Every structure is written in C-alpha cells, then in structure tokens.
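Examination of the molecular architecture
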Amino acid sequence: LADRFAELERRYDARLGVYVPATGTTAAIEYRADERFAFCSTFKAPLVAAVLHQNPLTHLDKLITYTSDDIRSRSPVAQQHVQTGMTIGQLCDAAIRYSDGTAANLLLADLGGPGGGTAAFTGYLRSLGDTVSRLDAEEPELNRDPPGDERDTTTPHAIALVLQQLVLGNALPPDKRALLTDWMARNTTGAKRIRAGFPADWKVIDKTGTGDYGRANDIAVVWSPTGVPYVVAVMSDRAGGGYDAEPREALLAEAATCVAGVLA
Ligand SMILES: *C(=O)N1C[C@H](NOS(=O)(=O)O)CC[C@H]1C(N)=O
Ligand SMILES: [Zn+2]
Ligand SMILES: [Zn+2]
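Parameters at a glance
- Residues numbered from 1 in each chain as written, not as in the entry; some residues may be left out.
- Chains lettered and ligands numbered in written order.
- Heavy atoms only, no water.
- Helix = DSSP H or I, 4+ residues; strand = E, 2+ residues; numbered from the N terminus.
- Rg over C-alpha atoms; globule rule 2.2 N^0.38 Å.
- Buried < 20%, exposed > 50% of the residue type's maximum accessible area, 1.4 Å probe, protein only.
- Contact = heavy atoms within 4.5 Å.
- Areas by Shrake-Rupley, 256 points an atom, 1.4 Å probe, with all protein chains shown as cover.
- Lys, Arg positive; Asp, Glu negative; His and termini not counted.
- Charge placed at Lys NZ, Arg CZ, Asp CG, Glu CD.
- Polar contact = N/O pair within 3.5 Å; in protein donor to acceptor, adjacent residues only side chain to side chain.
- Axes fitted to C-alpha atoms, helices over the stretch in contact; angles between N-to-C directions.
- Parallel < 35°, antiparallel > 145°, perpendicular 65-115°, else oblique.
- Nonpolar A, V, L, I, M, F, W, Y, C, P; charged D, E, K, R; others polar.
- Pairing = 2+ DSSP bridges.
- Near = heavy atom within 4 Å.
- UniProt positions renumbered as here; feature names shortened; annotations may be inferred.

As recorded in the entry header, the structure was determined using X-ray crystallography to a resolution of 2.20 Å.

Focus: the overall build of the protein chain
What the protein chain contains, in helices and strands, is 9 helices and 9 strands. The globule rule puts the C-alpha radius of gyration for 264 residues at 18 Å, and the 17 Å found for the protein chain is close to it. Its C-alpha atoms put the protein chain at 50 × 45 × 30 Å along the principal axes. Taking all 264 residues of the protein chain together, 54% fall into the buried category. Sequence separation of at least 24 residues holds for 64% of the intrachain contacts in the protein chain that already meet a minimum separation of 6. About 11100 Å² of surface is accessible on the protein chain, with carbon and sulfur atoms providing 50% of the total. Placing the 26 positive and 33 negative side-chain charges of the protein chain at their respective mean positions leaves the two points 2 Å apart.

Comments concerning the environment of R15
With respect to the helices, strands and loops of the structure, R15 is situated in strand β1 (residues 15-20). A relative accessible area of 23% means that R15 is categorised as partly exposed. Those residues within four positions of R15 in sequence are excluded, and the remaining contacts are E9, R32, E35, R36, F37, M235, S236 and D237. Of note is the side chain of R15, whose polar atom sits 3.0 Å from the side chain of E35. From its side chain, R15 meets the backbone oxygen of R36 in a polar contact 3.0 Å long.

As for the packing of helix α6 (residues 156-167) against helix α7 (residues 174-185)
In the contact formed by α6 and α7, the axes pass within 9 Å of each other and the chain directions differ by 120 degrees. Here α6 is positioned oblique relative to α7, judged by the angle of their axes. For the pair formed by α6 and α7, the contact residues are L163, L166 and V167 on the first element and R177, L180, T181 and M184 on the second.

Re the packing of helix α2 (residues 44-54) against helix α5 (residues 118-127)
Close contact between α2 and α5 brings their axes to 10 Å; oriented N to C, the two are set at 85 degrees. With respect to their mutual orientation, α2 and α5 come out roughly perpendicular. Contact residues: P46, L47, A49, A50 and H53 in α2; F121, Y124 and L125 in α5. Residues belonging to the contact of α2 with α5 are distributed by class as follows: 7 nonpolar, 1 polar and no charged.

As for the sheet that holds strand β9 (residues 229-237)
Strand order across the open sheet formed by 5 strands is β2-β1-β9-β8-β7, with antiparallel pairing between neighbours. Where the open sheet ends on each side, the last strands, each with one partner, are β2 (29-31) and β7 (203-211). Sheet twist, expressed as the average angle between the axes of neighbouring strands with direction ignored, equals 15 degrees. Judged from the 9 bridges that link them, β7 and strand β8 (residues 215-223) form a sheet pairing that is antiparallel. From the neighbouring strand, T208 faces β8, where its bridge partner is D218. Packing of helix α9 (residues 249-263) onto the sheet brings it into contact with β1, β2, β8 and β9, and relative to β9 it is tilted by some 150 degrees.

Focus: the site of ligand 1
Taken together, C40, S41, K44, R74, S99, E139, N143, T189, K207, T208, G209 and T210 make up all the residues around ligand 1. Within the side chain of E139, one N or O atom sits 3.2 Å away from a nitrogen atom of ligand 1. Summarising the interface, the protein chains cover 83% of the accessible area of ligand 1, which totals 380 Å² for the free molecule. Top contributing element to the shell around ligand 1 by residue count: β7, with 4 residues. In terms of residue class, the shell around ligand 1 is built from 1 nonpolar, 7 polar and 4 charged.

As for the side chain of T208
Looking at where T208 falls in the secondary structure, it is placed in strand β7. Only 3.1 Å separates the side chain of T208 from the side chain of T189, close enough to count as a polar contact. Beyond its immediate sequence surroundings of up to four residues, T208 is in contact with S41, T42, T189, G190, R193, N217 and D218.

Examining the UniProt feature "binding site: substrate" in the protein chain
In the numbering adopted here, UniProt assigns the feature "binding site: substrate" to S99, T208, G209 and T210. The greatest C-alpha distance among the annotated residues, which extend across 112 residues, is 10.1 Å, indicating that they converge on a single site. Along the chain, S99 falls in the loop between α3 (88-97) and α4 (101-111). Each residue touching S99, except ones within four places of it in the same chain, is listed here: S41, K44, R74, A94 and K207. Counting through the fold element by element, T210 comes out in strand β7. Sequence-distant contacts of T210, defined by excluding residues within four places in its chain, comprise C40, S41, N143, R193, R215 and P247.

Next up, the structure:
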C-alpha cells in the first residue's frame, strides 16, 4: 500500500499522510504517519470533546453573547445568530458541522486560561496521551503557519488515536460520547473526502480541515455494514505550490479507497 500512496503523491503533486489503527483482525495502515501536518479545522472535534469533558451537560445551555467584532474568520452560523448569541451546545454544533470559525474561538475561550484557550486545549490533548499535537493560534491564524512551522500541527498517527479514544474509547462518558458522535454524524462537509472512498453501505462520520499550501485533511470513524468500526486519518498538503496551492479533495478520496479495499 506504500507504493499506491507514493503514486498518489506524484499524481497529485502533494504530500500524503495516512494512519489507520490496528484492530483484532486488521493490521494498522501507515504512511508518513509521524510526519507533522497542520490541524486546520480538524481540531474542532477534540475541542468539543474538551468542552464536554470539563463541564456537566447543563453547561451546553449556557448562552454566549458576542459582537460583530468577534467574527474574524469563516463563520456561516455565528453570522446568523449575532443578535441572540449562541449556546455552548450550538457552538459545538456549528464547530463540527459547519466548521464555524467564531464558534471554535468562543469554545476555546470557554476552556479558559492563556492563549485564548489554546494552552488548555493542548493540555487536554496531553491528558489524552497525545504528546505530539499542539494548538497555538485561534482562527483564522492557525491555518496560515508556513511549511516547517510546528505551531498548530498534529500527525495522522496522533490525531487518529485521539479520535479513537473519544468516539470508540471511554475518554468521555457515554452521554457526552453520543453528543460528540451525533454531531460528527450530521456533518456534510466531508462528502468528497473519506466518505467518497468508502462503499455507500458503510457508515462514515468525520471532521474535515482545509488551509493554505494545498492543505486538505479528514479524520473519520467508519463502520462496516456488519458494525465493525475503524478510525481513518488522512492529511495532505502541497507546499511546493506555495500559499495559493489548490487543495485536492480527490487525493483524500482515492487514499480512502485504498484503505477501504484493505479493510473490506
Ligand atoms: C477549517 O479547516 N477551516 C474552516 C472552514 N471550514 O473548512 S473545512 O470544512 O474544511 O473545515 C474554512 C476552511 C478552514 C479555514 N478556517 O481556513
Ligand atoms: Zn480526559
Ligand atoms: Zn506516537
């Protein structure tokens, strides 16, 4: 599978990272799995988990007020609710299903402490056993770190294990686990990434990320028709093309098609 992935890199003029944890009956899959890639919006999934972890469910009903000023990035939802504000739960919802920039920042602020909550967020990843990932900026900055910069990066290996713990493990109590899972299930932004590479009778829930330098990611939990779960982390960028390099969704879809062929 190493050969096919390399071929995808040259076919799409990109760097590709894949990680699929091993299961009782499937070997792990690994390609540049320990190389660093920018999070982009993929961090919003563990972010919601952080918020859920730190509070009882009733916190979800806490209304957050904000102004026009508090919108500095792509925020499809937060733009619509400026006059009323949004509850923590709505911000969680906006962050996973619409990748809303302000929603993510308001949740970072909810976590508390330095860096507008980025330190607390990294701390939470550390508490999960993730020694690799780091978040240093908020939106939109965190998507604009150049190649080579370590700020706001994870690895496929690291983020896959994190997602596994959160969705399939017991990092959260079942109630909180179901909310995170449910939100991810109702996301549609990933229809052309991992979802496109798996057969349509599989279940796929995911969180995407996109950025400069041809950056496109997708992190997913997938279930076979028989109810057999897997975790799939696919990350890419095209630094060779500079800031404006186009991201390629189809690279991720093809990568996923290879993964699916092995697991099916
Ligand atoms: C997250 O990566 N971002 C927020 C928004 N949604 O893109 S996503 O659906 O791929 O997550 C726009 C792109 C990106 C950003 N803030 O640049
Ligand atoms: Zn924990
Ligand atoms: Zn490791």
